[PDB]
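Student: A single structure is presented below for examination.
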Amino acid sequence: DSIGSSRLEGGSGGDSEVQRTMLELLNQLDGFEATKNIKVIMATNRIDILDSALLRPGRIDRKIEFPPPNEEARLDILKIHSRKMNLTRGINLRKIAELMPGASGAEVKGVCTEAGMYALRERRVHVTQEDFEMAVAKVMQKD
Amino acid sequence: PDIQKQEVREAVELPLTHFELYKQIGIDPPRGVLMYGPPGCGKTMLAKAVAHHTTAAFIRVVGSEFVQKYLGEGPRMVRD
Amino acid sequence: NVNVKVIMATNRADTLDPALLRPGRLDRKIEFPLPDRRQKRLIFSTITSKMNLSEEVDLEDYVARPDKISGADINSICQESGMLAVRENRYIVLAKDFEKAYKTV
Amino acid sequence: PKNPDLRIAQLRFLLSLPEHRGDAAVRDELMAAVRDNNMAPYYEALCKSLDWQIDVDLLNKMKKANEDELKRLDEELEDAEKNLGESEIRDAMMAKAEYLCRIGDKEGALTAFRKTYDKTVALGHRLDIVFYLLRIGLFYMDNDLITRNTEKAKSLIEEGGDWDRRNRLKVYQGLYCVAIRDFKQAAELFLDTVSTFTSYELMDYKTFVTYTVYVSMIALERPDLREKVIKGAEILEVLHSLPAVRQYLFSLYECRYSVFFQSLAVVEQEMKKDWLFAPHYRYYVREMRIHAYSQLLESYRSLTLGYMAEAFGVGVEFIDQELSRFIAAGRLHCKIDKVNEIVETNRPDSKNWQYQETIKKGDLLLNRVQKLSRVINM
Amino acid sequence: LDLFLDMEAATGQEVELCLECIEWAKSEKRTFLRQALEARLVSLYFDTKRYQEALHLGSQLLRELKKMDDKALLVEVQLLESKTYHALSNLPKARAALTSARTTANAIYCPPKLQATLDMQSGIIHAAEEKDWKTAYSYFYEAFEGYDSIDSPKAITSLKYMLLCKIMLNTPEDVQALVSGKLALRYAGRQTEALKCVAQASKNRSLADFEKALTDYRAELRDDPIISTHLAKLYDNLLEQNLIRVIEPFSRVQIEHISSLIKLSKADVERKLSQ
Amino acid sequence: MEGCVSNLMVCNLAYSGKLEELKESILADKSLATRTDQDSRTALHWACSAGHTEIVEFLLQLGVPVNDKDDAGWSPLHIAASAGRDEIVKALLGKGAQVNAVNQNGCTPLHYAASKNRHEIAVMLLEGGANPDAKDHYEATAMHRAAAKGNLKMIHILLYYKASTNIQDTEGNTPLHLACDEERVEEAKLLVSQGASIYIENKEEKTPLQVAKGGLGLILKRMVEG
């Protein structure tokens, strides 16, 4: 799963090497099976989904829609992210989870990972709602 | 062995000379500065601009010197 | 708990890998495909601040025409104009050297 | 506490001994007696106060007010107790302990601050509690007790210096170094005066400057002054507060004892009648005198009695016994001879003496290797 | 208000009248008016040599000024802030306020009155620490260009500042070259004569004559600014030159004999020496 | 470094602002004012640049042509507008100088008048019968630069003459787009309330609503429908 940096000229072929690798791997799996419980799960944030659709013109695939920041899906994973880092009991996650729709769920993780740094810089042992709010503002400054 | 230079300024010289202010406003200073586009070059003009605006240690890159026959030198170099 | 500054440079925004652009790292993202009037005015202002300016030099045509046709390394072109002005033909650099440096490269 | 009642109760020193200032002192003591539950402190200080005629009147109201407020704090504590929360019980116990500092009960404050010490989620809040012990520690003027929690909280910080936290702590260090006679090691403490602001919790800014001006002017020599205060703009900004300080600095820097001895009375009167600065009023005078004498005798070898008497504007008979005492007891320079009726020194403290500076540590090392030889075989 | 303050009469009721003006402006709810009245008021306290309420109300003014529009108005009060901090002699805050004023006034074109005052003050700031006399001389030069022929006192004090900062580096030749000019000849007066005496005492390397310049002309030098400390610094500098000149070859010699040439008392001499 | 801005003596004298030596030069030789430098300019241009009224009034009294241009086509009126001097403009317009004169980029003096933010100069220039709807080689009016430098009063006095806001740049960017790019709320709301069409699309096919950020285009559309 790649958003960061590529040449897209020679890098497209560089990725095409890995695509060829998983291609021949799928050719081995389709060819025969030595043992069960063998699967592969990939991810793509870009047009390389359609490129994979070009490499796999409707042969073997499993399609699952993945909307960014769906909601109820934001809450539980926000709790999961709140398990590792220190968080008080007087904070409301609902509205701060509902404060960033229509964009993505990565903004939430950004808000969290930053809130850790915010709490460390403000010398706080815990994270508050105002921290999450300001973090939301900061991550919405870019978008 | 007007908005661009202001945003960059606030993303460079303001975090440099101001700490406790950022602690008061509760805002973490941005580390990165991003550029884009084929016509836009940058990478020089802005660096020299910051160099003239603020006086400090600046590190300019000659490209990648860490790619060699020895792969163990790189991590130690960037660590140094 | 440390003092450092790291800035990034990239040509395109579709640049693709799992390293640099991961959310939570870069707090500033600026797309700059086609430089506007204000940015040109400022970037010419900072370069006309140190170097000797002139009243005959117009910033209007240079804030206009490059908006249509945009080249790279503006400061380098200005330095080339400095190489045109190092010929000791004229004391104060004018729009002639700039336009010449623009049409040549 | 952080209330002005701390300073009001800190004025008890000048309220007690002198009978001259015992009017306004007991006046604003009685005036502030109705604030921040001052009943118990002035009840204990009642021996230095007036009769029981007007005293027992307010006691009946203050004692029931104290009980009501305390049982209300207990009620709030019970409301916070048996419930889910962290900062609630912390702030409740903290405020309760603050009121326990207001009444002046050290035991209740001790056990309360101990409980909230055990309830500390972080080292920062712990340091806040420590400071809460320090502010009342200034009133109780304890020594080892206030240094105990600070020495304990000294290690394992890792969060770095904050804005008003490290600053206030630095101020506390300045204060406990005002109490102790340590100077040279305390010379780094007042360098934070740039970031210091007005504080109503312990001491005012101008009062802090007024307190540190003594150690800065006396304990620090001219190179130290030029390196710190003269180069700095702080004293340049705060000299406009009072005309006295500027004159005291200029007269000493220009080595003029004429106006210095004239204004010396004001310095002496300002030196005494102070809470923590009282026992040291004997030391600073002698130290400043011997420092001035050493400074004047530094660049001067043979001194006539006339120019000296004109410079100091004082009799020769007094500086006679003065210097005579500063020979043996003072131990500053070499022997002075009056045979020529003119002061003439020698002071071979440079060449051979620089090499003779190690003979003391050498003899001590000799005794110490005699100790090392004493450990041998048994 | 300005025309009333230019008269300089009964300054006691002036401040109270200004307070009435501020109260009235607040009564009619005019922000810019009361801000201007306070901007003049802090100048009044600046002329009253009171650095407390001027800096306090000045700061309180800055707080509401930074939040609002018209950044050009901030340049004035920040300049006066640099002035009063120069009176309090504080380098970092005055330099920071100066830089802030520069980056504030960079976009907006300032009048020659305010613009030249920036460089004029900056020159004194750089002359305080005595880092580089050239840059300072440049600042006083541009300040002279801005203060040129607007008013007589401003011009004569401009050339006064020029001759001062240029005599800080002790070159009387350029002083003569400047006073030989016809342009500065019409701006000449009793002010530049003392400077000519200083330049003469510098080129002749005379002490007692410089003391005479500090004697007869002190009636004037009475209104002399804080630069008098720098003047005494130059005096003590030349004094140091003489002291390391005539004393050095003599290992041990009579003090009255070596002071016979300088024909001055040995008191201040012994004081400075021992110092 | 600094020095003479031109090789000619009369030009440097006009730039230095010496009245007596210049008058003496003219009285000595009348052909000195007709001379041309390497910059193809005369003493009149440097005199208008210096901001001296007496000199330019004397020259205009002598009857020197105001239509004289350099290699870059700069007119004395452009220099006068760029200098920010009212009296010079009064003199030039008083002598009947052409306001339709164009420079290398074809920018009218109104552009430089709005660039230096001079209200009086702009008003006096537009009073002489000048056309606010005139376009340069880049096909842009003074309203563009006025909205770019964030001048409300300039656009206001430009609208006092009922100048059309429907002028389209060759790039496709209307003054409203520049008003949104400058993030000026007052200017945007004003221009929109004046009947400016928001349906004009550029070469990038970007509506003015998408140009502004922070929901400014929303309240702009609110002002349109309202």
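Only the coordinates and a few stated rules stand behind these numbers; no lab work does. Because the Cβ atoms are built from the backbone with ideal geometry, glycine has one as well, and the counts that use them run over all protein chains shown.
Student: Among (1) surrounded by 13 or more Cβ atoms within 10 Å (Cβ to Cβ); (2) touching a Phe, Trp or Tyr at 6+ places or on another chain (Cβ under 9 Å), where does residue E:42 come up short?
Tutor: For residue E:42, the failing item is (2).
Student: Go over the candidates D:14, D:58 one by one and state the one that is of a type outside the set (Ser, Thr, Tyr) and either in contact with a strand residue (DSSP E or B) (Cβ under 7 Å, 6 or more places away or on another chain) or over 25 Å from residue D:145 (Cβ atoms) (or both).
Tutor: So the residue among D:14, D:58 that is of a type outside the set (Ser, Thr, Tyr) and either in contact with a strand residue (DSSP E or B) (Cβ under 7 Å, 6 or more places away or on another chain) or over 25 Å from residue D:145 (Cβ atoms) (or both) is D:58.
Student: Here is a follow-up. From the list E:31, E:48, which residue is within 20 Å of residue E:69 (Cα to Cα) and among the polar types (S, T, N, Q)?
Tutor: Only one candidate qualifies: E:31.
Student: Quick one: which of D:280, D:291, D:333 is out of contact with any helix residue (DSSP H, G or I) (no Cβ under 7 Å at 6 or more places or on another chain) and either among the small types (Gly, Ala, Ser) or surrounded by 11 or more Cβ atoms within 10 Å (Cβ to Cβ) (or both)?
Tutor: That would be D:280, the only listed residue that is out of contact with any helix residue (DSSP H, G or I) (no Cβ under 7 Å at 6 or more places or on another chain) and either among the small types (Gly, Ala, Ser) or surrounded by 11 or more Cβ atoms within 10 Å (Cβ to Cβ) (or both).
Student: Counting residues that are more than 30 Å from residue D:34 (Cα to Cα) and polar (S, T, N, Q), which helices (runs of 4 or more DSSP H) fully inside the stretch D:102-189 reach at least 3?
Tutor: D:144-152
Student: In the stretch A:94-104, is there at least one residue being within 15 Å of the chain's Cα centre (by Cα), within 24 Å of residue A:143 (Cα to Cα) and surrounded by 10 or more Cβ atoms within 10 Å (Cβ to Cβ)?
Tutor: Yes, the conditions are met somewhere in the stretch A:94-104.
Student: In addition: Quick one: which residue in D:233, D:292 is within 14 Å of chain E (Cβ to nearest Cβ), closer than 30 Å to residue E:86 by Cα, among the aliphatic types (A, V, I, L, M) and out of contact with any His (no Cβ under 6 Å at 6 or more places or on another chain)?
Tutor: D:233
Student: Still on this structure, please answer the following. Output the residue which, of all residues in the stretch F:138-157 that are part of a loop (DSSP other than H, G, I, E, B) and not β-branched (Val, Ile, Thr), is nearest to residue C:66 (Cα to Cα).
Tutor: F:138
Student: Suppose we filter the stretch F:128-171 for residues that are of a type in the set (A, V, I, L, M, F, W, C), touching a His at 6+ places or on another chain (Cβ under 8 Å) and away from chain C (no Cβ under 12 Å); how many remain?
Tutor: Adding up the residues that qualify gives 2.
Student: For the stretch A:83-117, give me the residue count where each residue is part of a helix (DSSP H, G or I) and either within 14 Å of chain D (Cβ to nearest Cβ) or among the acidic types (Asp, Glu) (or both).
Tutor: 3
Student: So residue F:51 passes all but one of these: (1) away from chain C (no Cβ under 11 Å); (2) over 23 Å from residue F:151 (Cβ atoms); (3) small (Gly, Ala, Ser); (4) over 14 Å from the mean Cα position of the chain (by Cα). Which condition number does it fail?
Tutor: Status for residue F:51: all satisfied but (2).
Student: Out of the residues in the stretch F:179-207 that are among the hydrophobic types (A, V, I, L, M, F, W, C) and in a helix (DSSP H, G or I), state the one that is nearest to residue F:145 (Cα to Cα).
Tutor: F:179
Student: When the residues of the stretch E:87-118 are narrowed to those that are within 11 Å of chain D (Cβ to nearest Cβ) and part of a loop (DSSP other than H, G, I, E, B), which ends up surrounded by the most Cβ atoms within 10 Å (Cβ to Cβ)?
Tutor: It comes out as E:90.
Student: Checking residue F:7 against (1) within 14 Å of chain C (Cβ to nearest Cβ); (2) surrounded by 14 or more Cβ atoms within 10 Å (Cβ to Cβ), only one condition comes out false. Which one?
Tutor: (2)
Student: Would it be correct to say that residue C:13 is closer than 30 Å to residue A:43 by Cα, among the small types (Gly, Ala, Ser) and at the interface with chain B (Cβ under 7 Å from one of its Cβ atoms)?
Tutor: For residue C:13, the condition - closer than 30 Å to residue A:43 by Cα, among the small types (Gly, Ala, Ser) and at the interface with chain B (Cβ under 7 Å from one of its Cβ atoms) - is met.
Student: Restricting attention to the stretch D:227-246, report how many residues are surrounded by fewer than 17 Cβ atoms within 10 Å (Cβ to Cβ) and closer than 20 Å to residue D:263 by Cα.
Tutor: Qualifying residue count for the region: 6.
Student: Looking only at the stretch A:19-37, decide whether some residue is in a helix (DSSP H, G or I), closer than 20 Å to residue A:63 by Cβ and within 11 Å of chain C (Cβ to nearest Cβ).
Tutor: Scanning the stretch A:19-37, I find no residue that is in a helix (DSSP H, G or I), closer than 20 Å to residue A:63 by Cβ and within 11 Å of chain C (Cβ to nearest Cβ), so the answer is no.
Student: For residues that are hydroxyl-bearing (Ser, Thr, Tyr), touching a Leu at 6+ places or on another chain (Cβ under 9 Å) and in a helix (DSSP H, G or I), scanning just the stretch C:1-60, find the one that is farthest from residue F:180 (Cα to Cα).
Tutor: C:48
Student: Taking the stretch B:14-58 only, how many residues are at the interface with chain C (Cβ under 10 Å from one of its Cβ atoms), charged (D, E, K, R), more than 16 Å from residue C:75 (Cα to Cα) and surrounded by fewer than 17 Cβ atoms within 10 Å (Cβ to Cβ)?
Tutor: Residues meeting the conditions: 1.
Student: Still on this structure, please answer the following. Mind listing just one residue for me: the one in the stretch E:243-264 that is surrounded by 10 or more Cβ atoms within 10 Å (Cβ to Cβ) and among the hydroxyl-bearing types (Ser, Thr, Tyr) and, of those, farthest from the other protein chains (Cβ to nearest Cβ)?
Tutor: Ranking the qualifying residues of the stretch E:243-264, first place goes to E:260.
Student: Restricting attention to the stretch C:79-105, and to residues there that are in a loop (DSSP other than H, G, I, E, B) and among the charged types (D, E, K, R), which single residue is surrounded by the most Cβ atoms within 10 Å (Cβ to Cβ)?
Tutor: Of everything passing the filter in the stretch C:79-105, C:90 is surrounded by the most Cβ atoms within 10 Å (Cβ to Cβ).
Student: Among the residues of the stretch C:60-78, what is the count of those that are exposed (fewer than 14 other Cβ atoms within 10 Å of the Cβ) and not hydrophobic (A, V, I, L, M, F, W, C)?
Tutor: 2
Student: Another question, if that's okay. Among the residues of the stretch F:103-123 satisfying the criterion of being more than 12 Å from chain C (Cβ to nearest Cβ) and surrounded by fewer than 19 Cβ atoms within 10 Å (Cβ to Cβ), which is nearest to the chain's Cα centre (by Cα)?
Tutor: F:117
Student: If you go through the stretch E:207-260 one residue at a time, how many are in a loop (DSSP other than H, G, I, E, B), under 25 Å from the mean Cα position of the chain (by Cα) and of a type outside the set (A, V, I, L, M, F, W, C)?
Tutor: Count: 5.
Student: Can you name the residue in the stretch D:68-99 that is away from chain A (no Cβ under 14 Å), acidic (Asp, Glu) and over 36 Å from the mean Cα position of the chain (by Cα) and is also surrounded by the most Cβ atoms within 10 Å (Cβ to Cβ) among such residues?
Tutor: Out of the qualifying residues, it is D:76.
Table: residues versus (1) of a type in the set (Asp, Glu); (2) surrounded by fewer than 16 Cβ atoms within 10 Å (Cβ to Cβ); (3) within 21 Å of residue E:142 (Cα to Cα).
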{"position": "E:16", "(1), (2), (3)": "yes, yes, no"}
{"position": "E:54", "(1), (2), (3)": "no, no, no"}
{"position": "E:78", "(1), (2), (3)": "no, no, yes"}
{"position": "E:82", "(1), (2), (3)": "no, no, yes"}
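Student: Out of B:78, B:61, B:8, report the one residue that is under 15 Å from the mean Cα position of the chain (by Cα), more than 8 Å from every other protein chain (Cβ to nearest Cβ) and assigned to a helix (DSSP H, G or I).
Tutor: On inspection, the qualifying residue turns out to be B:8.
Student: Taking the stated definitions as given, is residue E:199 in a helix (DSSP H, G or I) and either crowded, with 16+ Cβ neighbours inside 10 Å or touching a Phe, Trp or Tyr at 6+ places or on another chain (Cβ under 6 Å) (or both)?
Tutor: So residue E:199 passes the test.
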